[PDB]
Amino acid sequence: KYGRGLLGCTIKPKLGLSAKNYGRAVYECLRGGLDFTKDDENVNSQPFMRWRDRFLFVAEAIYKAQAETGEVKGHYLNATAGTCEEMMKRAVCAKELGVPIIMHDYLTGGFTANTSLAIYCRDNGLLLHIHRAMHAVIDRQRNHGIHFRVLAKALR
Amino acid sequence: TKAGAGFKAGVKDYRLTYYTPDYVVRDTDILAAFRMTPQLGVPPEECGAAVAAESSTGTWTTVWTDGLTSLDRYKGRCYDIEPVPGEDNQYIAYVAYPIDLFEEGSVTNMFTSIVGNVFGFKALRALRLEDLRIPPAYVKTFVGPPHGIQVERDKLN
Amino acid sequence: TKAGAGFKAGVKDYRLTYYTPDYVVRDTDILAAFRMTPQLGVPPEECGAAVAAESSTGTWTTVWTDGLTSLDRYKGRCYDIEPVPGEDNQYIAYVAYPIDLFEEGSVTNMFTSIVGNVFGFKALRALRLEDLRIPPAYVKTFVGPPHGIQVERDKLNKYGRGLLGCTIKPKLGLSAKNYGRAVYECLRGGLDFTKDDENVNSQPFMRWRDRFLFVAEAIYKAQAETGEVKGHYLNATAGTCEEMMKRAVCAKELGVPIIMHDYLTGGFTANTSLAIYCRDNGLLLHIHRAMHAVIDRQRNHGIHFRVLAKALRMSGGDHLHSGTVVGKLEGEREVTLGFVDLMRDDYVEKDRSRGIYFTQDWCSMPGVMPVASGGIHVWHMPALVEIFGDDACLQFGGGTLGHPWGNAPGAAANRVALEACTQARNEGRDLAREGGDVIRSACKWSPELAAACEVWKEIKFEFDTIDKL
Amino acid sequence: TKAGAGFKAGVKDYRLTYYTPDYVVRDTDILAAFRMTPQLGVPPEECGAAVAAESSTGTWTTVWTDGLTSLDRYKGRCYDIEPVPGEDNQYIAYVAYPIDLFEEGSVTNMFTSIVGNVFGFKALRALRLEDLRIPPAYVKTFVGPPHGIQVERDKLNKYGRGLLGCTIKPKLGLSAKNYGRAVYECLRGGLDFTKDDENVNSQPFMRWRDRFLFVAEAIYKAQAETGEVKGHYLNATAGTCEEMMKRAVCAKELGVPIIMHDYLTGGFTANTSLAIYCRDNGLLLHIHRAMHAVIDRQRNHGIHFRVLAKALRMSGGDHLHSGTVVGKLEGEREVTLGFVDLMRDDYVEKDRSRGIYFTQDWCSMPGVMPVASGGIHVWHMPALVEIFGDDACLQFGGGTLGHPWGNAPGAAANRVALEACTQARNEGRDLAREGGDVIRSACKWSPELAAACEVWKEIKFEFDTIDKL
Amino acid sequence: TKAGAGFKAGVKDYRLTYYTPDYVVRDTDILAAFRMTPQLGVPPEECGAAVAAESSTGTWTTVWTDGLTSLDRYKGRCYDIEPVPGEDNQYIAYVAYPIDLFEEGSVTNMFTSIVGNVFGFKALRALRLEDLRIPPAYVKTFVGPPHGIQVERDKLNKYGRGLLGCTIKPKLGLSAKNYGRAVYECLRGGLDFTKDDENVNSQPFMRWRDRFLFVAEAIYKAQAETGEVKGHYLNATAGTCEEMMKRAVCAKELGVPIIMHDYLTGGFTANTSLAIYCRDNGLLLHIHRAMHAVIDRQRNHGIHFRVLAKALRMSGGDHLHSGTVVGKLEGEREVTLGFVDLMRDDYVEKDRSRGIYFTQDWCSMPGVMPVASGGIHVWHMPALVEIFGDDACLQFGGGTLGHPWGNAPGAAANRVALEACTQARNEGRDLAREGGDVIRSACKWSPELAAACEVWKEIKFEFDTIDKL
Amino acid sequence: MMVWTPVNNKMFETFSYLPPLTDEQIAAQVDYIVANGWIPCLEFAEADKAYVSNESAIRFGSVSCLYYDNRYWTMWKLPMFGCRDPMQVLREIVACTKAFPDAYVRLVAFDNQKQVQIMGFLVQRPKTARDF
């Protein structure tokens, strides 16, 4: 699908939203008009709520949020993790269902983590959305650090 | 509210919702201490509260759907703040988070929440991290040194 | 000494080395409260201190070589102790241990240190565990419930009244197609969940694998033909861990929702490993419990219900078994209600009227759901609903497989009684006094419940209050 | 009936349905003997029959659907029961089960059926297991000791006197180089085998992995520099089965000699799987035991030593722990000798004077070696040798790490006393009366033993005869 | 001697060392009954004792080095022997072995010891195996049938008459699409199961893989278009075990129902391992058997039918092959009925009139299902049904692929005859005399059966009675 | 006695095994449920979307894996946040009922302490099939 911009929304509150109220919000906004929605870092996983179960409520919702609307839509999962084993577990379990496009802040975690994932994404024929954060201590360093054009070159 | 609030359409003042100067920490609470200078026109309690609000919940227009999540004891809180005696617009902010808000022992989630989201804002001229309170239950779910100094002394012979 | 002490030969008095009634605890300290009776002639502070010394250091003659280890703040400490009012030679001992002494979240090391070494001594007549303080840094290196109550409510896709079931009997040896027929009929009749027992899982002729295939045909249609969400708790028992893993992995292929295991009668670390696996594969995990007259009922001489509830939740489970009311497990008000509170709820301080001597700090600890079973039906539904509400997971033993009109009208009668009780409860009725008349009115036309109430007209028991150990 | 009975509602009397005092056993039948006291107002034949009925079939209301299962020869049977002269309400119940009721060699199914379901009942005051008949087809689907006494004797390359050792203490927290020094010195001084406790293995900074590397460095020279075959029992303890498997596999890389585990304080199926792994990898396996005041000492109310010895050997182990003499485990003459006899020996009939009610048929079941530990040294070696001979595996806790001249003269004194007692035993002396003077005669020039006998001059304790639970 | 005997140089007589006619067997002993004729000048007690000595210990000159092993209760024993009435030089030998001599459930060690070494001897003219006592503990360490008759009845979802089939011929080389057409048409006509032969499986051009794909294409509609459960026995033969496993695993992916293998013409341990795999993957397993003139018919010189049935079931199979009536395998009353009883049934003691000399303890031994094949059709259906009932698994060789109207009317005629015979059997008819008139009555309007009875008008054969080896 | 089997119609989960509840009974039970601290929400679902399914397993490679489909309900405009008036709920149920003849309308509520949703009374649509 193409011929106009890709319409979406950033899911908030960042804190902690329970799975059926998240499922309701995601189904309703996708069925109402949006093309793609996105999670934040805390929306991905919480002490009581595993990424694994958040993904299963996404799967029930996304199947009908294309099927009942007639239009191709989806949801960007944000994928975040503490160890590379956790990152790989998060990758591989969503490879089983081979879902359309996700995003990662992996490139707030580490450069080689994102490079390895981009190779994995190339190999498994996915599509990969890249997060960006830390704008005051990276991007905005006036005469004394990183700038936007070098950041765009480094990111690409 | 523990969930179910029918909020009015618009943005409510952060100083009445994410800033509590009489708060009492738990042993499981995660705290961060920041040195900050706001942009001119922004109150420092609005700035501290906004940092706590954006790292906890975030908004760009609130309605009844922000009432869906359990805000109560589960949201981040900005505690009492102090001036820096080296520069008139510099302040030390103290922000508390419950254990509930972050994945247990998750370094990119903690990093993105504490540094990633926070160190961006166009209303912040400069912001510096000064200290962190890591509660024992997060210290031990951190993996720490594999073979630290009391191991390394006997290992190197 | 922090190490390097040339101790003179012999054994120093334990009251001069392991007793500190003025001690100030750390947030990282592990504490244990024990009810004890010494053998005649031994002082109770000598006994208490000796228990603290043997579970920390241990000696049968100490010289300079015991000076090799760092003792200082690293050794166990016996705090102030008190007499018990019920028996003159009974005392409550309070022992603190630092984090430094144990491997982080290590269940056999903690179990052997706290229970294995401690509950042995020949100069000790009887010893009962009363409470434990588990510090937050050991609680989170433990794993707790994999998919607790705030997860399980959204995962099961239904809730708002108790969860209705039945325990499948005879335990011996029921043929796979007659089992398939019984399970299909009671689920189609109105049960939410059915349960297997240990002998129902596997028998010499018949493998679990084929019993499971009859469950698979039955469960597909026991949702598909009824519309309503239902399933079946497979109980999954085995002799070796390879057999346990084989039983897990073959049912992972079909990826069925909620199962149970008696695995925690098999071994503590077996259940801990399974709960980690269940967390990893996104399951729901029901935990069985048995051995009630040799573990749970250890009067003044060992294990107790509140420590059992703490120990069970500190391995973890999403459902957990829990009073039969009559027969083989507990049914008492002063036993069950504390036990359930310590499983359901988080963030709540210690109280001596509830037998809690220690608080383990709380916040972000999942709840875990009691599964009762349930020996008497219809007339004891009012008291059960008034006492427990929308706790349980009530797996009947008299209901369903006791109705002479068959499994579907049996299950339907139990379902009708649950919905009729829930309607009475929704109206806020005085359920203990109204419930008999609610059942009599319901019987006017449900014929199935009228038959249930003629068939079960001799059972009227409620609950006893005071512990019957 | 083999199936097809149209039963009316109610629960039928167990004395008319699960009690058969004329029954004659098959070779494939599993039998259990229990000591019981019913609640007041409960007939003992109703209780015995109810236990047989609940472990077989179970009911809280029976109708025609209980007629679906084949009952006939397949159900549990309560045989003729007898009074105990110890109390007016104590009886011995005898219950038979056919092979048909339990999965082949299935330890959690057998455990849950025999102990889990049975030892619960609220109308039962106390119940103690007295014996078990395990038929040959269940004995061989069990696995037993992987490398028991007739294998272990040829595998260890030495024998002809007891196996001399020590339990390494303090339990707290000893650093790896001071532990390495203590272990090297006591093994080079004269010990055959040393042992770890649960906390010694792994502590917050010090991993088992690094403790093991200091053991490897020490052990190579603690055989090489002494000529004599020796080693160290690693303990190996863990919180999860993944951790247990990691602990196994990393030590397979160095293929170390004999280790021990409190795995069988953790759980039965964990130990069974490990015993299979040990059988597969050509290991030798020492089994730990603990919880003596709440398992072993369960008076009229649970587990007993003879059933414990049968249960321990029917999972398996090559060495097995066993009395401390004084302190935390048993030391009584009428406790230890039965316990050891059921572990050491094969092909022997039942006798009521030894408390044996059933014979499990024997021939080709390997022996398993008791490990004592050992709180008193020098003067109690005569009585220990006269009572147990060349059984043990004597791991001291007073000896060695109690000697004020250090680990080497401590170990040397214990070695000199072991060899001196064994020479007196080889000369056919009246060891119980001669041994004190033999030790005094030895002291003339070993100075190490002279210091051992001044330091330990008050320990003259033997054993008490009659059980103290 | 228990060990340590310095035997004098030479050979002590076997009748003074391996003959004990007063011996009382243990429950764990392995016993064998053999029919023998010694060479001239060899006593039958010398022959029996020598066989027991060579299968136990062996010698060509005994000296002190034979004293190095424990002999006592551990050596093989020759029991009391009896004469054969048929021949003056023939005797029946009875030889006992303890459990100690053989590895637990080790089929090549037991086979090599009992048959391999024994059936060789130069001074033995002929030796025939007559019976075997397999003790319950070796029966249970053996694995037996994977999915026996009491599992297979519920697994196939259809029962109440014989199971109707046909053996696919010509064995040569038939192309996959004409085979696909023939299989589809005979299954759609009314067969339950079809079978492949060894050459049908794989040929130089045509791979088993592509033959399997035509079976898959055909089988989906050969259930789906008929509304009745049916299948096809793939025969799956191979040159190497890697090829056998490849043949297994590729059809596991699509998990097809029931297959067969001649694996047990290939090798005993190959079939045993595959049966364990079949048990693991929840399949059903048909076992082929051939070699009738060089194994089964070994008069006085080797293998015999009752020992063959015991040996086949003591590896295992769910179905097992069995008389062709005419041609390649047996068709006799005194051969088939014993053979079938030893496969179907459990719990039955020995009788000399049925040639049973030894009872292996029974109770929980899986049944296994006879497969006949079946050269003559229509007129021999009455006699077959009257002799065998609802055993079989009757795979025709004349039926179906002998009907000149094609596979659907062929299969339909066989199906009509099966249902007509089963209706006659349900009416309680005197089937041996009534069945001919039942077939005539059926022929009025099934034309297919009328054509079957004109085509097979000369065959009226029943069975012969006496073994014609 | 007794033939048991739902004829022409099925058991639509909780409160379908008893005779239907009236608006007065529903309002009395809502007023009690509100008093006990539960927060109501009005929701609706299409007839083939309120009856459990597993067909969507066709799109995914790992199944059953606790996955389920056709049990999700769509919310009627708002949850009952702030105002708790049962006559507003009754008018909204009527407005929902008027809007969808082919879909079922039901009440659900939640306990905000553990944020857990209760699925209550009653499965109803204008085309409701045979009474039991």
# chains A, B, ... in the order shown; residues from 1 in each chain; ligands from 1

$ select_by_dssp --residues "range 120-194 of chain C" --states "alpha helix (DSSP H)" --output "ChimeraX atom specification"
/C:136-139,149-155,176-189

$ interface_residues --of "chain A" --to "chain F" --cutoff "7 Å" --atoms "only C-alpha atoms" --output "compact mmCIF listing (two decimals) with N, CA and C atoms, in the first residue's frame"
# COMPACT_ATOMS: atom_id res chain seq x y z
N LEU A 56 0.63 -12.27 22.19
CA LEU A 56 -0.51 -13.13 21.90
C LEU A 56 -1.83 -12.36 21.82
N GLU A 60 -4.23 -11.89 18.31
CA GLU A 60 -5.69 -11.98 18.21
C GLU A 60 -6.28 -10.68 17.63
N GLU A 96 8.39 -17.42 14.38
CA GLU A 96 7.48 -18.56 14.30
C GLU A 96 6.14 -18.19 13.67
N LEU A 97 5.65 -16.97 13.98
CA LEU A 97 4.40 -16.45 13.47
C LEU A 97 4.66 -15.50 12.30

$ residues_around --residues "residue 79 in chain A" --least-positions-apart "4" --cutoff "12 Å" --atoms "only C-alpha atoms" --output "PyMOL selection string"
(chain A and resi 38-45+50-52+54-55+75+83-84+86-94+101-107+109+114+117+128-131) or (chain B and resi 106+108-109)

$ write_last_selection --atoms "N, CA and C atoms" --output "CSV table (one decimal), in the first residue's frame"
chain,number,residue,atom,x,y,z
A,38,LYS,N,2.4,2.1,17.5
A,38,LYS,CA,3.7,1.7,18.1
A,38,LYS,C,3.7,1.7,19.6
A,39,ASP,N,4.4,0.7,20.2
A,39,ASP,CA,4.7,0.6,21.6
A,39,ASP,C,5.9,1.4,22.0
A,40,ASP,N,5.9,1.7,23.3
A,40,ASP,CA,7.1,2.3,24.0
A,40,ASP,C,7.8,1.2,24.8
A,41,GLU,N,9.0,1.4,25.3
A,41,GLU,CA,9.8,0.5,26.0
A,41,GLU,C,9.1,-0.2,27.2
A,42,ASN,N,8.4,0.5,28.0
A,42,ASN,CA,7.7,-0.1,29.2
A,42,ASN,C,6.4,-0.8,28.8
A,43,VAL,N,5.9,-0.5,27.5
A,43,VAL,CA,4.6,-1.1,27.1
A,43,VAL,C,4.9,-2.6,26.6
A,44,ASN,N,6.2,-2.8,26.2
A,44,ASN,CA,6.7,-4.1,25.7
A,44,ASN,C,6.7,-5.2,26.8
A,45,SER,N,7.1,-4.9,28.1
A,45,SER,CA,7.3,-5.9,29.1
A,45,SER,C,7.2,-5.2,30.5
A,50,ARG,N,4.4,-10.4,30.6
A,50,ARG,CA,5.4,-10.8,29.7
A,50,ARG,C,5.2,-10.3,28.3
A,51,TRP,N,6.2,-10.0,27.5
A,51,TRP,CA,6.2,-9.7,26.1
A,51,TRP,C,5.5,-10.8,25.3
A,52,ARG,N,5.7,-12.0,25.7
A,52,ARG,CA,5.1,-13.3,25.1
A,52,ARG,C,3.6,-13.2,25.1
A,54,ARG,N,1.8,-10.3,25.8
A,54,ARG,CA,1.4,-9.1,25.1
A,54,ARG,C,1.3,-9.3,23.6
A,55,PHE,N,2.3,-10.1,23.0
A,55,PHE,CA,2.3,-10.5,21.7
A,55,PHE,C,1.1,-11.4,21.3
A,75,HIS,N,1.0,-3.4,13.6
A,75,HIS,CA,1.5,-2.8,14.8
A,75,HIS,C,3.0,-3.1,15.1
A,83,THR,N,19.5,-8.7,27.9
A,83,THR,CA,20.6,-9.4,27.5
A,83,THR,C,20.4,-9.8,26.0
A,84,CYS,N,21.5,-10.2,25.3
A,84,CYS,CA,21.3,-10.6,23.9
A,84,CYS,C,20.6,-11.9,23.7
A,86,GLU,N,18.0,-12.7,25.6
A,86,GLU,CA,16.6,-12.2,25.7
A,86,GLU,C,16.2,-11.5,24.4
A,87,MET,N,17.1,-10.8,23.7
A,87,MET,CA,16.8,-10.2,22.4
A,87,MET,C,16.6,-11.3,21.3
A,88,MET,N,17.4,-12.3,21.3
A,88,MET,CA,17.3,-13.4,20.4
A,88,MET,C,16.0,-14.2,20.6
A,89,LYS,N,15.7,-14.5,21.9
A,89,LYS,CA,14.4,-15.1,22.3
A,89,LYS,C,13.2,-14.4,21.8
A,90,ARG,N,13.2,-13.0,22.0
A,90,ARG,CA,12.2,-12.1,21.5
A,90,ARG,C,12.1,-12.1,19.9
A,91,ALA,N,13.2,-12.2,19.2
A,91,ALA,CA,13.3,-12.3,17.8
A,91,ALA,C,12.6,-13.6,17.3
A,92,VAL,N,12.9,-14.8,17.9
A,92,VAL,CA,12.8,-16.1,17.3
A,92,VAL,C,11.4,-16.5,17.5
A,93,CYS,N,10.8,-16.2,18.6
A,93,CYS,CA,9.4,-16.6,18.9
A,93,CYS,C,8.4,-15.8,18.1
A,94,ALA,N,8.8,-14.6,17.6
A,94,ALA,CA,8.0,-13.8,16.7
A,94,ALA,C,8.3,-14.2,15.2
A,101,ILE,N,5.6,-5.6,10.3
A,101,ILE,CA,6.8,-4.9,10.7
A,101,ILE,C,6.9,-4.6,12.2
A,102,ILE,N,8.1,-4.7,12.8
A,102,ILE,CA,8.4,-4.4,14.2
A,102,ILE,C,9.5,-3.4,14.3
A,103,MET,N,9.7,-2.8,15.5
A,103,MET,CA,10.8,-1.8,15.7
A,103,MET,C,11.6,-2.2,16.9
A,104,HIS,N,12.9,-1.7,17.0
A,104,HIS,CA,13.7,-1.9,18.1
A,104,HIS,C,14.6,-0.8,18.6
A,105,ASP,N,14.8,-0.6,19.9
A,105,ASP,CA,15.6,0.3,20.6
A,105,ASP,C,16.9,-0.4,21.2
A,106,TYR,N,17.1,-1.6,20.8
A,106,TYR,CA,18.4,-2.2,20.4
A,106,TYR,C,19.5,-1.2,19.9
A,107,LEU,N,19.2,-0.1,19.2
A,107,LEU,CA,20.2,0.8,18.7
A,107,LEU,C,20.3,2.0,19.7
A,109,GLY,N,20.5,0.4,22.9
A,109,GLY,CA,21.3,-0.6,23.6
A,109,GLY,C,22.8,-0.8,23.1
A,114,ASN,N,22.3,-4.1,16.8
A,114,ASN,CA,21.4,-3.6,15.7
A,114,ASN,C,21.9,-4.2,14.4
A,117,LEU,N,21.0,-7.9,14.2
A,117,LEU,CA,19.6,-7.9,13.9
A,117,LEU,C,19.3,-7.6,12.5
A,128,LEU,N,12.4,-3.9,9.2
A,128,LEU,CA,12.9,-3.5,10.4
A,128,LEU,C,12.8,-2.0,10.7
A,129,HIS,N,12.0,-1.5,11.7
A,129,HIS,CA,12.0,-0.2,12.1
A,129,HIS,C,13.0,0.2,13.2
A,130,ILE,N,13.7,1.2,13.1
A,130,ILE,CA,14.8,1.6,14.0
A,130,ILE,C,14.4,2.8,14.9
A,131,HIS,N,14.5,2.6,16.2
A,131,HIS,CA,14.2,3.6,17.2
A,131,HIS,C,15.4,4.6,17.4
B,106,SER,N,16.4,-5.6,33.4
B,106,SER,CA,16.4,-5.4,31.9
B,106,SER,C,17.1,-4.1,31.6
B,108,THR,N,18.3,-2.6,28.7
B,108,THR,CA,17.9,-1.6,27.7
B,108,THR,C,16.6,-1.0,28.0
B,109,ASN,N,15.7,-1.6,28.8
B,109,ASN,CA,14.5,-1.0,29.3
B,109,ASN,C,14.7,0.1,30.3

$ residues_around --residues "residue 40 in chain F" --least-positions-apart "2" --cutoff "6 Å" --atoms "only C-alpha atoms" --output "list in words"
residues 80, 108 and 109 of chain F

$ atom_distance --atom1 "CA of residue 311 in chain D" --atom2 "CA of residue 294 in chain C"
16.2 Å

$ residues_around --residues "residue 57 in chain A" --least-positions-apart "3" --cutoff "9 Å" --atoms "only C-alpha atoms" --output "ChimeraX atom specification"
/A:19-20,22-23,53-54,60-62 /F:67

$ decode --residues "range 42-59 of chain B" --atoms "N, CA, C and O atoms" --output "CSV table (one decimal), in the first residue's frame"
chain,number,residue,atom,x,y,z
B,42,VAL,N,10.1,28.3,32.0
B,42,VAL,CA,9.6,27.1,32.5
B,42,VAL,C,10.0,27.0,34.0
B,42,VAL,O,11.1,27.0,34.4
B,43,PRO,N,9.0,26.9,35.0
B,43,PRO,CA,9.3,26.7,36.4
B,43,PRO,C,10.0,25.4,36.7
B,43,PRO,O,9.8,24.4,36.0
B,44,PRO,N,11.0,25.3,37.6
B,44,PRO,CA,11.8,24.1,37.9
B,44,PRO,C,10.9,23.0,38.4
B,44,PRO,O,11.3,21.8,38.2
B,45,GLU,N,9.8,23.2,39.1
B,45,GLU,CA,8.9,22.2,39.6
B,45,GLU,C,8.1,21.6,38.5
B,45,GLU,O,7.8,20.4,38.4
B,46,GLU,N,7.8,22.5,37.4
B,46,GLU,CA,7.1,22.0,36.2
B,46,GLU,C,8.0,21.1,35.4
B,46,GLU,O,7.6,20.1,34.9
B,47,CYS,N,9.3,21.5,35.4
B,47,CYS,CA,10.4,20.8,34.7
B,47,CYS,C,10.6,19.4,35.3
B,47,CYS,O,10.6,18.4,34.7
B,48,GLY,N,10.8,19.4,36.7
B,48,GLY,CA,11.0,18.1,37.4
B,48,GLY,C,9.8,17.2,37.3
B,48,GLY,O,9.9,16.0,37.0
B,49,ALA,N,8.6,17.7,37.5
B,49,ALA,CA,7.3,17.0,37.3
B,49,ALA,C,7.1,16.4,35.9
B,49,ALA,O,6.7,15.3,35.7
B,50,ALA,N,7.4,17.2,34.8
B,50,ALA,CA,7.4,16.9,33.4
B,50,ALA,C,8.3,15.7,33.1
B,50,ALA,O,8.0,14.8,32.4
B,51,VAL,N,9.6,15.7,33.7
B,51,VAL,CA,10.5,14.7,33.5
B,51,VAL,C,10.0,13.4,34.1
B,51,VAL,O,10.0,12.3,33.5
B,52,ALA,N,9.4,13.4,35.3
B,52,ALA,CA,8.8,12.3,36.0
B,52,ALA,C,7.5,11.8,35.2
B,52,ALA,O,7.3,10.6,35.1
B,53,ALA,N,6.7,12.7,34.6
B,53,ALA,CA,5.6,12.4,33.9
B,53,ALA,C,5.9,11.8,32.5
B,53,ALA,O,5.3,10.8,32.1
B,54,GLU,N,6.9,12.3,31.8
B,54,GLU,CA,7.3,11.7,30.5
B,54,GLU,C,8.0,10.4,30.6
B,54,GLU,O,7.9,9.5,29.7
B,55,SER,N,8.8,10.2,31.7
B,55,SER,CA,9.4,8.9,31.9
B,55,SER,C,8.5,7.8,32.5
B,55,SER,O,8.8,6.7,32.5
B,56,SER,N,7.3,8.3,33.0
B,56,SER,CA,6.3,7.4,33.6
B,56,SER,C,5.2,7.1,32.6
B,56,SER,O,4.8,5.9,32.4
B,57,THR,N,4.5,8.1,32.2
B,57,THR,CA,3.2,8.0,31.5
B,57,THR,C,3.2,8.6,30.1
B,57,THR,O,2.8,8.0,29.2
B,58,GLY,N,3.5,9.9,30.0
B,58,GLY,CA,3.6,10.7,28.8
B,58,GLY,C,2.2,11.1,28.3
B,58,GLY,O,1.2,10.4,28.4
B,59,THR,N,2.1,12.3,27.7
B,59,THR,CA,0.8,12.8,27.2
B,59,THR,C,1.1,13.9,26.2
B,59,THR,O,2.1,14.6,26.3
